[PDB]
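*Asks:* My structure is below; once you've seen it, I'll send some questions.
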Amino acid sequence: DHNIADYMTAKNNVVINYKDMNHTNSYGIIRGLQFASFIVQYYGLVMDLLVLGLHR
Amino acid sequence: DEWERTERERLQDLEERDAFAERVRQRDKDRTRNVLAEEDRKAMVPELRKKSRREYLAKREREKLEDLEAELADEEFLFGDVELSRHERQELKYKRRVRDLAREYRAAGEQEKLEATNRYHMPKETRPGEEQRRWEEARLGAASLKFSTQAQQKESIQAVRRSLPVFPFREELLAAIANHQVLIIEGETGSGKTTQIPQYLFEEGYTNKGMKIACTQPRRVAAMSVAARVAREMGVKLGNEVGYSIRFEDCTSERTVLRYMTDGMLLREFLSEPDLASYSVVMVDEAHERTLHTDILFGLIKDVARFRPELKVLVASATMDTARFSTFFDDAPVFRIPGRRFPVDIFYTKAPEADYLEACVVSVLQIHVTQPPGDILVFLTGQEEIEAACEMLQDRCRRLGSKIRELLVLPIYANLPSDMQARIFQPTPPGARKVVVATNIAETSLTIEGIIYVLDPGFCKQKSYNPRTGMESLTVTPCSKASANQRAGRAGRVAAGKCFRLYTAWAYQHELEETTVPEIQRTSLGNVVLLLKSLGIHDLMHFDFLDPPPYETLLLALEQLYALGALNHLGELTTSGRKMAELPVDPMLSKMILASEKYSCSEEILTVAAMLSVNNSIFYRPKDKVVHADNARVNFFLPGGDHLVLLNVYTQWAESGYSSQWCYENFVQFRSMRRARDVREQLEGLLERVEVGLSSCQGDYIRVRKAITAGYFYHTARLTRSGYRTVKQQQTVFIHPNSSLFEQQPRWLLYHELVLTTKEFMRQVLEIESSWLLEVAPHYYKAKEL
Amino acid sequence: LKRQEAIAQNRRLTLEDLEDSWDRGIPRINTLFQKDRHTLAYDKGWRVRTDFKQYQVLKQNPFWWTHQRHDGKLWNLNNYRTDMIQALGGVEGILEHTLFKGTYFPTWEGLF
Amino acid sequence: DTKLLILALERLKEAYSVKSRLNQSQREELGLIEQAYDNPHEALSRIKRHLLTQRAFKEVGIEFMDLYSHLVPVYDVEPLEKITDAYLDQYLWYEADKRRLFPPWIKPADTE
Amino acid sequence: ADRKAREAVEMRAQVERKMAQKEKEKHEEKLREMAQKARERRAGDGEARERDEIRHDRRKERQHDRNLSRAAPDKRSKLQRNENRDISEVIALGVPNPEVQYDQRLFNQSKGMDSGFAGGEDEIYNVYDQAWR
Amino acid sequence: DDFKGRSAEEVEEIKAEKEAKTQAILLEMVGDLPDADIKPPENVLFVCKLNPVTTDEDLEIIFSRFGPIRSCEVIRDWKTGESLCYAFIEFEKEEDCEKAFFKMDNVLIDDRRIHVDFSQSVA
Amino acid sequence: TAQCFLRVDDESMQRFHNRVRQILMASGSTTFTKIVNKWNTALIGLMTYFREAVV
RNA sequence: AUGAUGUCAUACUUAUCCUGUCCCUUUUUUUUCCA
């Protein structure tokens, strides 16, 4: 549901902070979220498709 | 007699009733305005064919529905037996295959529908009890590694027939009652007094002259059982000549000679035909059962006994109740049947006991471990105790492992889910023992074959109603001698039994009272008091009771009814007052239903009534799913109170299309829901007579709460800083834990129950305005008191 | 097979059919019967999820590969303890090395 | 939903299994878990509200787990959102596996 | 691309729909054949009396059904189907036999919902699972 | 397509066409009518809600008012003969059927407000 | 028709070794029995995973 | 120059509390033109 898709994708884009350095995630994925298992395995499904092709 | 004054009034009752209904339909033909070229006609004739076609589509498929059902309904009872010939044989092949073809050529279309909505559809941005078999193929999929005889029936029926305690007693008892109109017939269960007797009567022709033979029972399901039984005996179809009529379900035809019913059903037949002139005989079963309806019928039928000597009075029951029976009934003769199948060794404890629920536990423990084969029946008081019991039993089962054998603990009471009721009726799995933990619901009308042991802790939970407080308390009560004898007698029905009393011969013989107080004393009788007032009486005092209520009780009744407005200031019937007596259920409710008339919350007040009819079992609250249960409950919790809660709950259920899985998902007792729906629908079937216009509150729950007040103003409490306390008597109550307002704790409170469990309680409560109280009852509720 | 036959001859599967294979199998057959089958038929993706906990907790799990409620309990080393005692000498040889006799406790079965 | 939320919270308490000296922030997270264990519908209301309106979240802290041969990042998210994500995790995996999203070669699977 | 893909999905969908639709109707025509020959194959000492019983029973059934629907709008739907779902009823009615179940010495011999591996904890003593003696 | 993309009106109209076609084919399936859905004569009114004491003679009386009758047929419960409390009534003109209808709908005769609609019978 | 010969992988040996290394390293603040409880946990977690690749 | 109105948190008083609390037995009420 476009609501859940948007929650997940906006939750990967946060500010990441260590002792006194801060930056903003904009490119990859925070693997320390709890749905990140789902996101990694879905993306890996897309890349299984690029490797095998749709027919095989 | 007063009987004749009654029927005087009651024939005039039917006259004025019919004339009233006729007047009203004339009124409606008055109110209702009968206000009733070429291309115009050739235009709408296509539109009349439009509707002809489509109403015909539904009508033709509906007639297809009729004959469709009728083919198989017909082949149910003719074909599978007899030597039948070419014509109807070929046509059975026909109707078989042909209703198949209908179902098939429709299943095709539905297949199209579901297959073509199986598919993938890009999302669009716009701003049954098998959770343990869906977790048993998780495991087998995780653990896979692949790389004539009808005459014979009649013979058997008669052969068992002959062996009753009444079949050799057949003739002389016949001649005896041929002598005496009123014959009291004492005999215990299993004698067949309910079954063989009306047969005997019919074969002796008391049904000739077109006459009927009534059999009354205090319980619907028992009546249905009895009727099935005797219709099987009589070798006919249940419903045509042998029939049962109970609330919501007629099972009779104009072939019906043998008509079975309830005690309230027979009172209501006096709401139809004061003489019962089509009935030659009334056989009243088990009259000991002590219901308000039994104790009214006794009086009414005694009147009829003196007035109609060609009519026959038969009153059979279980116990020693024949003393008062005959004595009230002018000392009718008493024909004794000896009937008791097998013996019971009845044991007493050595001593009195301190912890009798635990004693229950350890008893059945010893019995199961040591005894030979055989099923066990154990009594408790009720629900919480009883599940605590199975707790303890199955825990000790857990600990004792394979040292013991399979102990089918099964609880049974009245409100528990009906599948869970049925589960006890299965034949026991070989080698294991079955122990039924029960309440006094298992005193009567439930037949569990195999029970060879019976344990009585010698108690019961009796209601006790004191009127000086308006309080009815369901409290502990050592159970009567009649109780213990009959609880024991529940046994033996197939073999030698045992009855373990948790108390000694001393306490038994010495401090045992014979009978439960005949109901009319201990109960509240607002609908019933009113019913007898509106059924041929004025003097409510010198009336022919069996056991009168205390004058106290009656005075409270009168004040109740007057204040509510059913009574004039002298105690007779108002239009409001009559209308409520004819209306099924009690007045307070009845006043609320009338209040829907004023408040234009008809439908909502209707459904509320339907709920309070049965509530006591709405929500299943299992221990093993407490949290999800509290949740599917807490979902509906509405602002305003439990009554509108129920309203929305029913609303959503019917919304789901009367779905059973709906209540299964949402933790609601389907039994309660569907019987409540039935009581509302027949209420609507009363609603035309009680002159109610079908209206909605249009979402205005203010009207709802106000009609609730206009009914239940009496049932109110207010805040006191020393707790929640009555409005009138200022006696101190408490809120039920499970109230939708239980933590809300409102200042101005309405309830529906008044009990005193472990502390004083009130149920089905709502928050009100004290202002509606000066709106409604300034004569009963004055301002200064609020 | 026994489940089919329990449906066909409609019996109840009794303890005698499953005490033989009671911790055998992989999930384990004694997981069929645990208390909370009802809310664990709803836990899906538990294996990936324990893999990925390593980016959420600062500690390192040595049984990331399994789950005791779901996979059963797949090893039983209760006889290690017994044979360890018999190999060290038995409780008597073992407590000649300790301060047991200086406690004056009369016998060692009670020690706690 | 109460089954899915009960699974979420069990998973979250498994972090604090030992109940050590933990800290302020872990004390507060345990408080949140317990109150949402008591009133499971205030929770689900809160969750579905978050899931419906929120798209700007707090900031997460990072640190490394040293495995002596390489390091592992470990992310620390705020307990409110930790609960909403735990639930969303369980929900997506349940539905995805019922609708058969992931074909059988995607393999940390629950079956073996 | 998302618009384009939405269109192609819908067009392929309704193409395939229409194909299976026409095939369903052909199926139905074969079943039309089935019905005609069904009544044809049909048309050509207890049956005569059981047959007066046929029209007797069925016709008084139509009597009661019409009269049901006439006293109350569908008193047929208020009597006959509603006769047959509630349980005490059925048990009294002697209707017979109206999934696997098994012994209860099996169940609840273990309780808990978490793996015992404590979630990565190590320092706690969980080696053996039975107190020693 | 274009059996869908015209309106919503004629869409469901086509689906009602269907519902007809299917219910017809269905009723012939379970086997009532010999020939499939032959158009019903415009010259019979089906008049229900009737009285078991109003007969062919009296009904043909009151429906002799608007048009020349060809018959008045109250279908009979066969082996008892009791009037089925409905009827078919047979006119000569479409105008006769219509003129009877548009005055005789829902009128009270023999204290019963009977219903008249046209015949749906293919019988 | 065929045989599979198993061995523990090199990187799994090295990961076991580093796990023991941090036991010993964070044990100047544990009591003898907790050092041995962590050893027992790690060694069971290795032996019950590999089981004959270790032999 | 001190009004009541308050859903204001803070401050404060009584050697004022930490020991005064919790889940229902049984079962029954007659009905009306269909269209």
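Following the order of the structure tokens, chains are lettered A, B, ..., residues in each are numbered from 1, and ligands are numbered from 1.
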For residue C:73, find every residue with an atom within 10 Å (counting only C-alpha atoms (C1' of nucleotides)), except residues of its own chain fewer than 5 positions away, and show them as number ranges by chain.

*Replies:* C: 23-24, 26-28, 30-31, 66-68; E: 115-116

*Asks:* Okay, now the selection with N, CA and C atoms, as a PDB file, in the first residue's frame?

*Replies:*
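And here is the file that came out, result_16.pdb:
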ATOM      1  N   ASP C  23      11.361 -36.967  20.484  1.00  0.00           N
ATOM      2  CA  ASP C  23      12.262 -35.926  20.118  1.00  0.00           C
ATOM      3  C   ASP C  23      13.099 -36.535  19.025  1.00  0.00           C
ATOM      4  N   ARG C  24      12.532 -36.503  17.850  1.00  0.00           N
ATOM      5  CA  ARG C  24      13.154 -36.991  16.659  1.00  0.00           C
ATOM      6  C   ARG C  24      12.549 -36.186  15.540  1.00  0.00           C
ATOM      7  N   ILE C  26      13.146 -33.198  12.252  1.00  0.00           N
ATOM      8  CA  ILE C  26      13.671 -31.842  12.189  1.00  0.00           C
ATOM      9  C   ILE C  26      12.715 -30.791  11.638  1.00  0.00           C
ATOM     10  N   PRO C  27      11.566 -30.516  12.241  1.00  0.00           N
ATOM     11  CA  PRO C  27      11.568 -29.470  13.239  1.00  0.00           C
ATOM     12  C   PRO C  27      11.835 -30.042  14.599  1.00  0.00           C
ATOM     13  N   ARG C  28      10.946 -30.899  15.083  1.00  0.00           N
ATOM     14  CA  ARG C  28      11.090 -31.847  16.175  1.00  0.00           C
ATOM     15  C   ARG C  28       9.662 -32.293  16.285  1.00  0.00           C
ATOM     16  N   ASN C  30       8.031 -32.943  18.818  1.00  0.00           N
ATOM     17  CA  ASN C  30       7.348 -32.453  19.989  1.00  0.00           C
ATOM     18  C   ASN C  30       7.126 -30.979  19.963  1.00  0.00           C
ATOM     19  N   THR C  31       7.231 -30.345  18.806  1.00  0.00           N
ATOM     20  CA  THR C  31       6.818 -28.969  18.665  1.00  0.00           C
ATOM     21  C   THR C  31       5.403 -28.878  18.176  1.00  0.00           C
ATOM     22  N   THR C  66      18.964 -20.906  14.574  1.00  0.00           N
ATOM     23  CA  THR C  66      17.867 -21.742  15.018  1.00  0.00           C
ATOM     24  C   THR C  66      17.097 -21.029  16.101  1.00  0.00           C
ATOM     25  N   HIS C  67      16.052 -21.688  16.551  1.00  0.00           N
ATOM     26  CA  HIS C  67      15.015 -21.125  17.379  1.00  0.00           C
ATOM     27  C   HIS C  67      14.472 -22.287  18.153  1.00  0.00           C
ATOM     28  N   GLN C  68      14.335 -22.140  19.445  1.00  0.00           N
ATOM     29  CA  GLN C  68      13.970 -23.308  20.212  1.00  0.00           C
ATOM     30  C   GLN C  68      12.498 -23.626  20.145  1.00  0.00           C
TER      31      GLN C  68
ATOM     32  N   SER E 115      12.750 -18.599  21.950  1.00  0.00           N
ATOM     33  CA  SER E 115      13.846 -19.538  22.016  1.00  0.00           C
ATOM     34  C   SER E 115      14.555 -19.394  23.355  1.00  0.00           C
ATOM     35  N   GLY E 116      15.040 -20.507  23.874  1.00  0.00           N
ATOM     36  CA  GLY E 116      15.682 -20.440  25.162  1.00  0.00           C
ATOM     37  C   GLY E 116      17.079 -19.892  25.112  1.00  0.00           C
TER      38      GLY E 116
END

*Asks:* Just want the 12 Å neighbourhood of stretch 23-31 of chain E, counted on only C-alpha atoms (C1' of nucleotides), with same-chain residues fewer than 3 positions away dropped. Output as a PDB file with N, CA and C atoms, in the first residue's frame.

*Replies:*
ATOM      1  N   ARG B  97     -29.954 -35.142 -12.059  1.00  0.00           N
ATOM      2  CA  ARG B  97     -29.007 -34.550 -12.993  1.00  0.00           C
ATOM      3  C   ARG B  97     -29.371 -33.106 -13.293  1.00  0.00           C
ATOM      4  N   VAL B  98     -30.645 -32.753 -13.158  1.00  0.00           N
ATOM      5  CA  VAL B  98     -31.083 -31.453 -13.643  1.00  0.00           C
ATOM      6  C   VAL B  98     -30.789 -30.370 -12.612  1.00  0.00           C
ATOM      7  N   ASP B 100     -28.356 -30.753 -10.613  1.00  0.00           N
ATOM      8  CA  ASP B 100     -26.915 -30.682 -10.846  1.00  0.00           C
ATOM      9  C   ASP B 100     -26.582 -29.690 -11.951  1.00  0.00           C
ATOM     10  N   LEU B 101     -27.306 -29.756 -13.072  1.00  0.00           N
ATOM     11  CA  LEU B 101     -27.011 -28.888 -14.206  1.00  0.00           C
ATOM     12  C   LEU B 101     -27.225 -27.432 -13.854  1.00  0.00           C
ATOM     13  N   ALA B 102     -28.242 -27.141 -13.046  1.00  0.00           N
ATOM     14  CA  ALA B 102     -28.451 -25.759 -12.615  1.00  0.00           C
ATOM     15  C   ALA B 102     -27.275 -25.258 -11.789  1.00  0.00           C
ATOM     16  N   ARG B 103     -26.958 -25.978 -10.708  1.00  0.00           N
ATOM     17  CA  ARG B 103     -25.797 -25.629  -9.895  1.00  0.00           C
ATOM     18  C   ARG B 103     -24.540 -25.511 -10.746  1.00  0.00           C
ATOM     19  N   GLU B 104     -24.428 -26.329 -11.789  1.00  0.00           N
ATOM     20  CA  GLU B 104     -23.209 -26.354 -12.584  1.00  0.00           C
ATOM     21  C   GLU B 104     -23.127 -25.159 -13.522  1.00  0.00           C
ATOM     22  N   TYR B 105     -24.207 -24.869 -14.223  1.00  0.00           N
ATOM     23  CA  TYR B 105     -24.218 -23.745 -15.133  1.00  0.00           C
ATOM     24  C   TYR B 105     -24.250 -22.414 -14.393  1.00  0.00           C
ATOM     25  N   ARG B 106     -24.451 -22.415 -13.077  1.00  0.00           N
ATOM     26  CA  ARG B 106     -24.163 -21.205 -12.312  1.00  0.00           C
ATOM     27  C   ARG B 106     -22.754 -21.197 -11.720  1.00  0.00           C
ATOM     28  N   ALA B 107     -22.261 -22.361 -11.293  1.00  0.00           N
ATOM     29  CA  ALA B 107     -20.898 -22.460 -10.799  1.00  0.00           C
ATOM     30  C   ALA B 107     -19.896 -22.101 -11.875  1.00  0.00           C
ATOM     31  N   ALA B 108     -20.262 -22.310 -13.140  1.00  0.00           N
ATOM     32  CA  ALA B 108     -19.424 -21.836 -14.245  1.00  0.00           C
ATOM     33  C   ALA B 108     -19.235 -20.329 -14.188  1.00  0.00           C
ATOM     34  N   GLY B 109     -20.333 -19.579 -14.146  1.00  0.00           N
ATOM     35  CA  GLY B 109     -20.214 -18.133 -14.102  1.00  0.00           C
ATOM     36  C   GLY B 109     -19.433 -17.650 -12.898  1.00  0.00           C
ATOM     37  N   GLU B 110     -19.695 -18.241 -11.729  1.00  0.00           N
ATOM     38  CA  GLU B 110     -18.939 -17.803 -10.558  1.00  0.00           C
ATOM     39  C   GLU B 110     -17.468 -18.138 -10.703  1.00  0.00           C
ATOM     40  N   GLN B 111     -17.166 -19.263 -11.339  1.00  0.00           N
ATOM     41  CA  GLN B 111     -15.781 -19.555 -11.649  1.00  0.00           C
ATOM     42  C   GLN B 111     -15.174 -18.447 -12.487  1.00  0.00           C
ATOM     43  N   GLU B 112     -15.889 -17.984 -13.515  1.00  0.00           N
ATOM     44  CA  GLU B 112     -15.360 -16.877 -14.305  1.00  0.00           C
ATOM     45  C   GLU B 112     -15.038 -15.698 -13.410  1.00  0.00           C
ATOM     46  N   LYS B 113     -15.973 -15.348 -12.531  1.00  0.00           N
ATOM     47  CA  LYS B 113     -15.782 -14.166 -11.699  1.00  0.00           C
ATOM     48  C   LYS B 113     -14.517 -14.285 -10.862  1.00  0.00           C
ATOM     49  N   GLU B 115     -11.942 -16.413 -11.024  1.00  0.00           N
ATOM     50  CA  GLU B 115     -10.696 -16.566 -11.754  1.00  0.00           C
ATOM     51  C   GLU B 115     -10.226 -15.245 -12.335  1.00  0.00           C
TER      52      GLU B 115
ATOM     53  N   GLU E  16      -7.296 -11.378 -21.937  1.00  0.00           N
ATOM     54  CA  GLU E  16      -7.378 -12.754 -21.457  1.00  0.00           C
ATOM     55  C   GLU E  16      -8.744 -13.036 -20.854  1.00  0.00           C
ATOM     56  N   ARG E  17      -9.271 -12.073 -20.098  1.00  0.00           N
ATOM     57  CA  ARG E  17     -10.634 -12.163 -19.615  1.00  0.00           C
ATOM     58  C   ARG E  17     -11.588 -12.544 -20.725  1.00  0.00           C
ATOM     59  N   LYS E  18     -11.651 -11.744 -21.790  1.00  0.00           N
ATOM     60  CA  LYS E  18     -12.610 -12.020 -22.857  1.00  0.00           C
ATOM     61  C   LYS E  18     -12.407 -13.398 -23.468  1.00  0.00           C
ATOM     62  N   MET E  19     -11.163 -13.836 -23.606  1.00  0.00           N
ATOM     63  CA  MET E  19     -10.969 -15.176 -24.141  1.00  0.00           C
ATOM     64  C   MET E  19     -11.637 -16.217 -23.255  1.00  0.00           C
ATOM     65  N   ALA E  20     -11.327 -16.193 -21.962  1.00  0.00           N
ATOM     66  CA  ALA E  20     -11.910 -17.200 -21.084  1.00  0.00           C
ATOM     67  C   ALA E  20     -13.416 -17.042 -20.980  1.00  0.00           C
ATOM     68  N   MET E  34     -26.737 -31.005 -22.511  1.00  0.00           N
ATOM     69  CA  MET E  34     -26.940 -31.919 -21.394  1.00  0.00           C
ATOM     70  C   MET E  34     -28.367 -31.852 -20.872  1.00  0.00           C
ATOM     71  N   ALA E  35     -28.916 -30.644 -20.712  1.00  0.00           N
ATOM     72  CA  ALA E  35     -30.250 -30.512 -20.119  1.00  0.00           C
ATOM     73  C   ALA E  35     -31.343 -31.030 -21.047  1.00  0.00           C
ATOM     74  N   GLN E  36     -31.277 -30.653 -22.327  1.00  0.00           N
ATOM     75  CA  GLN E  36     -32.301 -31.138 -23.253  1.00  0.00           C
ATOM     76  C   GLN E  36     -32.320 -32.662 -23.296  1.00  0.00           C
ATOM     77  N   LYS E  37     -31.169 -33.280 -23.579  1.00  0.00           N
ATOM     78  CA  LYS E  37     -31.157 -34.735 -23.575  1.00  0.00           C
ATOM     79  C   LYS E  37     -31.427 -35.293 -22.187  1.00  0.00           C
ATOM     80  N   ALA E  38     -31.239 -34.501 -21.133  1.00  0.00           N
ATOM     81  CA  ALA E  38     -31.521 -34.997 -19.790  1.00  0.00           C
ATOM     82  C   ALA E  38     -33.001 -35.296 -19.633  1.00  0.00           C
TER      83      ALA E  38
ATOM     84  N   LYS F  18     -27.900 -10.110 -19.724  1.00  0.00           N
ATOM     85  CA  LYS F  18     -27.302 -11.368 -19.307  1.00  0.00           C
ATOM     86  C   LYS F  18     -28.182 -12.066 -18.301  1.00  0.00           C
ATOM     87  N   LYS F  21     -30.787 -13.756 -19.917  1.00  0.00           N
ATOM     88  CA  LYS F  21     -30.350 -14.875 -20.737  1.00  0.00           C
ATOM     89  C   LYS F  21     -29.959 -16.078 -19.888  1.00  0.00           C
ATOM     90  N   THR F  22     -29.252 -15.829 -18.785  1.00  0.00           N
ATOM     91  CA  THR F  22     -28.828 -16.913 -17.906  1.00  0.00           C
ATOM     92  C   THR F  22     -30.000 -17.512 -17.153  1.00  0.00           C
ATOM     93  N   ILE F  25     -32.001 -19.604 -19.823  1.00  0.00           N
ATOM     94  CA  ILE F  25     -31.255 -20.825 -20.089  1.00  0.00           C
ATOM     95  C   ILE F  25     -31.228 -21.723 -18.855  1.00  0.00           C
ATOM     96  N   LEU F  26     -31.240 -21.129 -17.667  1.00  0.00           N
ATOM     97  CA  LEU F  26     -31.257 -21.891 -16.435  1.00  0.00           C
ATOM     98  C   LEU F  26     -32.586 -22.597 -16.242  1.00  0.00           C
ATOM     99  N   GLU F  28     -34.888 -23.307 -18.499  1.00  0.00           N
ATOM    100  CA  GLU F  28     -34.917 -24.381 -19.484  1.00  0.00           C
ATOM    101  C   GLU F  28     -33.971 -25.509 -19.101  1.00  0.00           C
ATOM    102  N   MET F  29     -32.864 -25.187 -18.431  1.00  0.00           N
ATOM    103  CA  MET F  29     -31.938 -26.212 -17.971  1.00  0.00           C
ATOM    104  C   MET F  29     -32.664 -27.165 -17.044  1.00  0.00           C
ATOM    105  N   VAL F  30     -33.141 -26.644 -15.916  1.00  0.00           N
ATOM    106  CA  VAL F  30     -33.934 -27.468 -15.002  1.00  0.00           C
ATOM    107  C   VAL F  30     -35.257 -27.863 -15.649  1.00  0.00           C
TER     108      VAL F  30
END

*Asks:* Got a sec: who's within 9 Å of stretch 16-26 of chain G, counting only C-alpha atoms (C1' of nucleotides), leaving out chain neighbours fewer than 2 positions off, as a PyMOL selection string?

*Replies:* (chain C and resi 60) or (chain D and resi 67-69) or (chain G and resi 11-14+28-30+35+38-39+42-43+46)

*Asks:* Keeping only C-alpha atoms, write those residues as an mmCIF file, in the first residue's frame.

*Replies:*
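File written: again_1.cif
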data_model
loop_
_atom_site.group_PDB
_atom_site.id
_atom_site.type_symbol
_atom_site.label_atom_id
_atom_site.label_comp_id
_atom_site.auth_asym_id
_atom_site.auth_seq_id
_atom_site.Cartn_x
_atom_site.Cartn_y
_atom_site.Cartn_z
ATOM 1 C CA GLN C 60 26.820 -11.723 19.092
ATOM 2 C CA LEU D 67 34.822 -8.798 15.695
ATOM 3 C CA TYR D 68 38.630 -8.511 15.683
ATOM 4 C CA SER D 69 38.757 -9.218 12.011
ATOM 5 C CA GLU G 11 36.523 -18.270 8.025
ATOM 6 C CA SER G 12 34.360 -20.177 10.469
ATOM 7 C CA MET G 13 37.408 -21.371 12.347
ATOM 8 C CA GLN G 14 38.675 -17.833 12.473
ATOM 9 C CA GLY G 28 38.959 -9.183 34.149
ATOM 10 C CA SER G 29 35.513 -8.183 35.169
ATOM 11 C CA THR G 30 33.884 -11.613 35.327
ATOM 12 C CA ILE G 35 34.074 -17.152 31.994
ATOM 13 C CA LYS G 38 30.672 -18.177 27.952
ATOM 14 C CA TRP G 39 33.126 -20.848 26.945
ATOM 15 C CA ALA G 42 30.449 -20.767 22.326
ATOM 16 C CA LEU G 43 31.636 -24.344 22.232
ATOM 17 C CA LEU G 46 30.129 -24.537 17.312
#

*Asks:* Find the distance between atom CA of residue B:783 and atom CA of residue B:751 and write it in Å to one decimal.

*Replies:*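 Between atom CA of residue B:783 and atom CA of residue B:751 the gap is 20.3 Å.
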
*Asks:* Can you work out which one of C:72, C:110, C:90, C:62 has the shortest atom-to-atom distance to chain G, counting only C-alpha atoms?

*Replies:*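 Looking at the shortest contact to chain G, the residue is C:62.
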
*Asks:* Within 9 Å of stretch 48-55 of chain G, counting only C-alpha atoms (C1' of nucleotides), which residues qualify if same-chain residues fewer than 2 places away don't, as a PDB file with C-alpha atoms, in the first residue's frame?

*Replies:*
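This went into result29.pdb:
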ATOM      1  CA  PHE C  63      22.701 -19.826  17.835  1.00  0.00           C
ATOM      2  CA  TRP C  65      20.715 -20.360  12.985  1.00  0.00           C
ATOM      3  CA  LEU C  74      18.063 -30.269  18.866  1.00  0.00           C
ATOM      4  CA  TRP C  75      20.678 -31.526  21.326  1.00  0.00           C
TER       5      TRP C  75
ATOM      6  CA  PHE G   5      33.315 -34.807   2.145  1.00  0.00           C
ATOM      7  CA  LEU G   6      32.768 -32.043   4.665  1.00  0.00           C
ATOM      8  CA  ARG G   7      35.048 -29.649   6.445  1.00  0.00           C
ATOM      9  CA  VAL G   8      34.617 -26.579   8.526  1.00  0.00           C
ATOM     10  CA  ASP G   9      35.430 -23.476   6.587  1.00  0.00           C
ATOM     11  CA  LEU G  43      31.636 -24.344  22.232  1.00  0.00           C
ATOM     12  CA  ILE G  44      28.116 -25.751  22.108  1.00  0.00           C
ATOM     13  CA  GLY G  45      27.251 -23.280  19.396  1.00  0.00           C
ATOM     14  CA  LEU G  46      30.129 -24.537  17.312  1.00  0.00           C
TER      15      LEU G  46
END

*Asks:* Based on the backbone DSSP call, show me all residues of stretch 262-411 of chain B assigned strand (DSSP E), as a ChimeraX atom specification.

*Replies:* /B:262,279-284,312-317,334-336,344-348,375-379,407-411

*Asks:* Could you give me, as CSV, every chain C residue with an atom at most 12 Å from chain A, plus its closest atom pair and distance in Å to one decimal, counting only C-alpha atoms, rows ordered by chain then number?

*Replies:*
residue,atom,partner,partner_atom,distance
C:44,CA,A:38,CA,11.3
C:45,CA,A:37,CA,8.5
C:46,CA,A:37,CA,10.1
C:47,CA,A:37,CA,10.0
C:48,CA,A:37,CA,6.4
C:49,CA,A:37,CA,6.6
C:50,CA,A:37,CA,9.7
C:51,CA,A:37,CA,8.8
C:52,CA,A:37,CA,6.8
C:53,CA,A:32,CA,7.8
C:54,CA,A:32,CA,8.4
C:55,CA,A:32,CA,5.1
C:56,CA,A:32,CA,5.3
C:57,CA,A:32,CA,9.1
C:58,CA,A:32,CA,11.4

*Asks:* When you look at residue F:64 with a cut-off of 12 Å (counting only C-alpha atoms (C1' of nucleotides)), what residues show up, excluding the ones that are within fewer than 6 positions of it in the same chain? I need them as an MDAnalysis selection string.

*Replies:* chainID F and resid 56:58 70:72 89:92 96:97 99:100 104
